[PDB]
Amino acid sequence: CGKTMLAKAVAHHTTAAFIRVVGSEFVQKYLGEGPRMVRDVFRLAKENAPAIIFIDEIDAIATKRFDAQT
Amino acid sequence: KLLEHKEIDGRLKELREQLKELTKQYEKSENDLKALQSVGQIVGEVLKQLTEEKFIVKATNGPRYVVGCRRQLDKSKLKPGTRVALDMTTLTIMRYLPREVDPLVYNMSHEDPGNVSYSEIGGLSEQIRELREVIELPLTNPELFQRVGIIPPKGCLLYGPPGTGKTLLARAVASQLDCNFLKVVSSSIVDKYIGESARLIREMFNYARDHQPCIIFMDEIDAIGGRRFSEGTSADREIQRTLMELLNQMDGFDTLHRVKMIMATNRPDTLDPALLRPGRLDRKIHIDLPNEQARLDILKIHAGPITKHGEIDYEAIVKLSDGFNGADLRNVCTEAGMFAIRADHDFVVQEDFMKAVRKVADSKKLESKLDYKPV
Amino acid sequence: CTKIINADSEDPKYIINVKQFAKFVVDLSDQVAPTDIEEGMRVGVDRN
Amino acid sequence: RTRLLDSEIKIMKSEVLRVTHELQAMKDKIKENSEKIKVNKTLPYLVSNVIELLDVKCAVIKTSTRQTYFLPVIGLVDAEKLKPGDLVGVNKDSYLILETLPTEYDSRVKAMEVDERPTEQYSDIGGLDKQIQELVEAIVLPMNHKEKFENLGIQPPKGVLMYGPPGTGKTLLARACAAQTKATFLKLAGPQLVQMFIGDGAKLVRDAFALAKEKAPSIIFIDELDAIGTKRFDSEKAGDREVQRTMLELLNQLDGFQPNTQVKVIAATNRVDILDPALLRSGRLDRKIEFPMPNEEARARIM
Ligand SMILES: Nc1ncnc2c1ncn2[C@@H]1O[C@H](COP(=O)(O)OP(=O)(O)OP(=O)(O)O)[C@@H](O)[C@H]1O
Ligand SMILES: Nc1ncnc2c1ncn2[C@@H]1O[C@H](COP(=O)(O)OP(=O)(O)OP(=O)(O)O)[C@@H](O)[C@H]1O
Ligand SMILES: Nc1ncnc2c1ncn2[C@@H]1O[C@H](COP(=O)(O)OP(=O)(O)O)[C@@H](O)[C@H]1O
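So this is what it looks like as structure tokens:
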């Protein structure tokens, strides 16, 4: 329904900084890389400018239940 | 004199006999002595430029590091985004390297053993032309599209009953270029590790962007497709994650140019509408059960290697055939052949075909008969 | 502990899994005859 | 004859000098195999999967302990036989390749081929001449008379399934055809390819059929496929899907891309309507054979 092109248009038309990442790269081969992957991008957003960060596919990262044994 | 010259020539030949062995000995000695200092083995990736001599790198195992360079490595060429080699002990950059090949992609890069042409296939030629409209015409003649001012279609999918000419096209289309063709079973991608399916398909798409003419192919996508889940099991998590990420990799913040996705599945009734979307997958192509003239042409194609006396009405087999696959006719030919191979008949009598049709008929009396139309 | 993976010709040079640590080929030792090695078995194997 | 005598003296001197140079070269080879054995007698060989072959001649590997690596000097192994995707032994200290491993097959895949070779004969089977005869011509004749098919010229029939009520007897025919062929025979349990390490069953499928490809005279039999052949379906919030990957890779690797006529799949089940139509399609398995009930004389023969 145009959910991507809205982000495309506001990223093309913004004056301040903007950043994006595909919403699945927060899982990595080794342990604990993902917390770094979110903390550093938040830190860069803080450091850089009055910027805007875009996150997509939260269902890849936000579910309802969990199995803390896998 | 002559004997002396013969002795001199033989001695020179004996001396030069070990010359290749001496060259191999020197090469192996140099290889071992260099291997004493060829230990500079570990691979990392650079992050950012602190100074011209201060750099930050990340190992492919774990932690990041701070590393410098020797003074003849073109430090301006070390942009953020390139792979590099490291020392262990001093942990220093020795050499920038180009992008990796990730040999899983290599395993289906150019391994194609098929060489079948469009003569071997038949009965669906207008669908072949329809596929050629997106797979061949814009790659060689893109100019008409910007004359009419629209982007050529991004990809297409195929569907139909099982065994009804898809991969014939796919092993028939695969016999055209053999260099821009990558082709996966939609099953080797998944792995017991954490998230490496996403990594491998990421570098797969990166390889597709590396060589601008490339045709990707995933068949039996049901194994990755599904509809969705509300977390029954736990494997659904990362396989759906791989799916979602594949979607954002095919139409997210990128001009996927000169890369075409042709799909194949047995039943599209179990696919995500996100994957089914016309913006995502442009044209859906159905392959039906072959028609009577199509069945005729198919069995005539499978009437290539036949030895017999020709008194055969192909129309009789065609008329008795109804609802038959694009492949079971070749089985019918084979099974009349095994009628010939018993009772020592090098030829095939005309009758053995029709009973073979009867022989296949009851064999498909146990079918499921599910159309499974796309939604 | 260890895990046997595959045999080899002539001199022993068997392939050993640990559990997930490493997957590599050695000859272990010589104090027993090389006939007790079959795939699907666990030997007490050192690290060096 | 002074020139001839001078030529003979020069020939003798050149022969002596060549003998001395060859002796020095042989001593150099002695130091060579000395250094090669002292870098080779480190029997610990951590293996690695080769990744790429660079040129600016150079190579990339990935070790067993999950570390990517680049080496400029390939080493003792020549690279023309080297192709990416293989696996080779590597020195622990130098991280240099030294040898070449043959293959890599799973241990559970190893422990499938027949070692005891069960002894059965056709006279143990009563009232079942037709089914046994058609199995024999569908299996042994593609194994023993290839030119018989080729002279007329056809592909052999590929894929046999037998079905029927469980008390009917078919397994025994698997043991008999094991007894009769002098070829490699691999056997699978039904759900043996059900692992929760994701895609491990896919690895089992590809490993088993790769080993089957390795033995060119060979036949592959699986008992009780209705565990894996359960029909796929559309549902939300519930539904097994690991068996979908296992069944899909099974069906594809037996029939689909890169068709191959070297192994024959033999497929047992006790019911048919559970089975997914994709595997029983037309040529993914060819001969569907039913076991009839022992009607009146077969019972007496069997007892
Ligand atoms: N106003 C619009 N409404 C619908 N589609 C539009 C509109 N403007 C442009 N499009 C194009 O029509 C198609 C539908 O939108 P698109 O495919 O981008 O889905 P999206 O909603 O943007 O992405 P997603 O649903 O995955 O977040 C695309 O080719 C899009 O670029
Ligand atoms: N239209 C056709 N013309 C000729 N042969 C056909 C046709 N359709 C199917 N076949 C035969 O079907 C067999 C299987 O072909 P292929 O592997 O391409 O299957 P597919 O149609 O892509 O379907 P599936 O992957 O579900 O089996 C081949 O032996 C091929 O000759
Ligand atoms: N001549 C025969 N004909 C039919 N069945 C037999 C005969 N001889 C023995 N049997 C029985 O058939 C069985 C063969 O196993 P089978 O039932 O085919 O396995 P499954 O049920 O797993 O397919 C044996 O256990 C045996 O008791």
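From first to last, the protein sequence lines are chains C, Y, W and A. With positions in the first sequence counted from 1, the corresponding number in the numbering used here is that position plus 382. With positions in the second sequence counted from 1, the corresponding number in the numbering used here is that position plus 504. With positions in the third sequence counted from 1, the corresponding number in the numbering used here is that position plus 2. With positions in the fourth sequence counted from 1, the corresponding number in the numbering used here is that position plus 6. No residue lacks a Cβ here, since even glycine has one placed at the ideal position from N, Cα and C.
Proximity below 8 Å, CB of residue 607(Y) to CB of residue 91(A) | As a first step, residue 607(Y) must be located in the second sequence, where it is residue number 103. As a first step, residue 91(A) must be located in the fourth sequence, where it is residue number 85. In this structure, residue 91(A) lies closer than 8 Å to residue 607(Y) by Cβ.
With a floor of 3 residues, list each beta strand (DSSP E) that falls wholly inside the segment 566-648 of chain Y, ordered by position along the chain.
-> Complete beta strand (DSSP E) runs here, min 3: 568-571, 587-590 and 597-601.
Run of the beta strand (DSSP E) containing residue 69(A), from where it starts to where it stops = Here residue 69(A) corresponds to residue number 63 of the fourth sequence, with the count starting at 1. Residue 69(A) -> beta strand (DSSP E) spans 64-69.
List the endpoints of the continuous alpha helix (DSSP H) containing residue 797(Y).
-> Position 293 of the second sequence, counted from the first residue, corresponds to residue 797(Y). It spans 796-805 - the alpha helix (DSSP H) in which residue 797(Y) sits, taken as one unbroken run.
Identity of the residue in 214(A), 185(A), 43(A) and 176(A) nearest residue 193(A) by Cα = Working through the fourth sequence from its first residue, we reach residue 193(A) at position 187. Ranking 214(A), 185(A), 43(A) and 176(A) by Cα distance to residue 193(A) puts 214(A) first.
Cβ-based neighbour list, residue 119(A), same chain, cut-off 7 Å, excluding 5 preceding and 5 following = Taking the first residue of the fourth sequence as position 1, residue 119(A) is located at position 113. For residue 119(A), the CB contacts under 7 Å within the same chain, skipping 5 residues up- and downstream, are 190, 191 and 192 in chain order.
Between residue 238(A) and the rest of its own chain, which residues show a CB-CB distance below 7 Å, the 5 nearest in sequence each way excluded?
-> Taking the first residue of the fourth sequence as 1, we reach residue 238(A) at position 232. So the list reads 250 and 282, once near-sequence residues are dropped.
Can you tell me which of 743(Y), 715(Y), 711(Y) and 717(Y) puts its alpha carbon nearest to the alpha carbon of residue 726(Y)?
-> If you number the second sequence from 1, residue 726(Y) lands on position 222. With distances taken between Cα atoms, residue 726(Y) lies closest to 743(Y).
First and last residue of the alpha helix (DSSP H) that includes residue 389(C)?
-> As a working note, residue 389(C) is residue 7 in the first sequence. Element bounds for residue 389(C): 385-395.
Check whether the Cβ of residue 807(Y) lies closer than 8 Å to any Cβ atom in chain A.
-> As a first step, residue 807(Y) is located in the second sequence; it is residue number 303 there, counting from the start. Chain A, which has no Cβ nearer than 8 Å to the Cβ of residue 807(Y), makes this no.
Closer than 7 Å at the beta carbon, the chain Y residues around residue 421(C) = Taking the first residue of the first sequence as 1, we reach residue 421(C) at position 39. Simply none; closest approach about 13 Å.
Three or more C-beta pairs closer than 8 Å, one from the segment 523-536 of chain Y and one from the segment 559-578 of chain Y: is that the case here?
-> no
Examine chain A for any beta-carbon lying closer than 8 Å to the beta-carbon of residue 21(W), and answer yes or no.
-> As a first step, residue 21(W) must be located in the third sequence, where it is residue number 19. So no, residue 21(W) is outside the interface.
From residue 273(A) to residue 820(Y), what distance separates their C-alpha atoms?
-> Numbered from its first residue, the fourth sequence carries residue 273(A) at position 267. Numbered from its first residue, the second sequence carries residue 820(Y) at position 316. So the two alpha carbons sit approximately 33 Å from each other.
Pair within 8 Å by beta-carbon distance, residue 666(Y) and residue 264(A) | Position 162 of the second sequence, counted from the start, is the residue given in the question as residue 666(Y). Position 258 of the fourth sequence, counted from the start, is the residue given in the question as residue 264(A). Using a Cβ distance threshold of 8 Å, residue 666(Y) and residue 264(A) do not count as a contacting pair.
Start and end residues, beta strand (DSSP E) containing residue 723(Y) | Taking the second sequence and counting its residues from 1, the one referred to as residue 723(Y) is at position 219. That run of the beta strand (DSSP E) goes 718-723.
What residues match up with residue 553(Y) in a beta bridge as DSSP calls it?
-> Translated into the one-based positions of the second sequence, residue 553(Y) becomes position 49. Answer is 559(Y).
So what's residue 822(Y) in DSSP terms, helix, strand or just coil?
-> Residue numbering aside, residue 822(Y) sits at position 318 when the second sequence is read from its first letter. Of the three classes helix, strand and coil, the one that applies to residue 822(Y) here is helix, per DSSP.
Of all the options 451(C), 450(C) and 435(C), which has the alpha carbon lying nearest to the alpha carbon of residue 401(C)?
-> Here residue 401(C) refers to the residue found at position 19 of the first sequence. Out of 451(C), 450(C) and 435(C), 435(C) has the C-alpha closest to the C-alpha of residue 401(C).
Please list the partners that residue 610(Y) has in chain A, where partner means a Cβ-to-Cβ separation under 7 Å.
-> Position 106 of the second sequence, counted from the start, is the residue given in the question as residue 610(Y). Chain A residues near residue 610(Y): 90 and 91.
Is there at least one non-hydrogen atom of ligand 1 closer than 7 Å to the beta-carbon of residue 386(C)?
-> As a first step, residue 386(C) is located in the first sequence; it is residue number 4 there, counting from the start. At least one heavy atom of ligand 1 is nearer than 7 Å to the Cβ of residue 386(C), so yes.
Residue 227(A) by DSSP, collapsed to three states: which one?
-> The residue labelled residue 227(A) in the question sits at position 221 within the fourth sequence. Here residue 227(A) sits in strand by DSSP.
What's the gap between the Cα of residue 108(A) and the Cα of residue 89(A)?
-> The residue given as residue 108(A) occupies position 102 in the fourth sequence. The residue given as residue 89(A) occupies position 83 in the fourth sequence. Looking at the two C-alpha atoms, the distance is approximately 13 Å.
In chain order, what residues of the same chain have a beta carbon less than 7 Å from the beta carbon of residue 801(Y), not counting five sequence neighbours either side?
-> Translated into positions along the second sequence, residue 801(Y) becomes position 297. The beta carbon of residue 801(Y) lies closer than 7 Å to those of 626 and 627 in the same chain, with the five residues before and after it left out.
What residue ranges within the segment 137-174 of chain A form continuous beta strand (DSSP E) runs of no fewer than 3 residues, ordered along the chain?
-> Every unbroken stretch of the beta strand (DSSP E) spanning 3 or more residues and falling wholly within the segment 137-174 of chain A is given here in chain order: 166-169.
Validate contact between the segment 212-231 of chain A and the segment 253-270 of chain A using beta carbons, cut 8 Å, 3 pairs | Taking a cut-off of 8 Å on C-beta distances, the segment 212-231 of chain A touches the segment 253-270 of chain A, as three or more cross pairs fall below it.
So which residues on chain A does residue 837(Y) lean against when the C-beta distance must stay under 8 Å?
-> Position 333 of the second sequence, counted from the start, is the residue given in the question as residue 837(Y). Per Cβ cutoff of 8 Å: 160.
Assuming residue 674(Y) and residue 622(Y) make a contact with CB atoms under 8 Å, what is their CB distance in whole Å?
-> Walking along the second sequence from the start, residue 674(Y) turns up at place 170. Walking along the second sequence from the start, residue 622(Y) turns up at place 118. Rounded, the Cβ-Cβ distance is 12 Å, inconsistent with contact.
Going along chain W, which residues have a C-beta under 7 Å from residue 49(A)?
-> Counted from its first residue, the fourth sequence places residue 49(A) at position 43. Under the 7 Å cutoff, chain W gives 28 and 29.
How about residue 774(Y): is its Cβ closer than 7 Å to a heavy atom in ligand 2?
-> Sequence index remark: in the second sequence, residue 774(Y) carries index 270 (1-based). Flag unset: Cβ of residue 774(Y) not near ligand 2.
With 16 other CB atoms within 10 Å as the buried threshold, where does residue 699(Y) fall?
-> Sequence index remark: in the second sequence, residue 699(Y) carries index 195 (1-based). When all chains shown are included, residue 699(Y) counts as buried.
Taking Cβ-Cβ distances shorter than 9 Å, what residues in chain B pair up with residue 116(A)?
-> No chain B is present in this structure, whose protein chains are C, Y, W and A.
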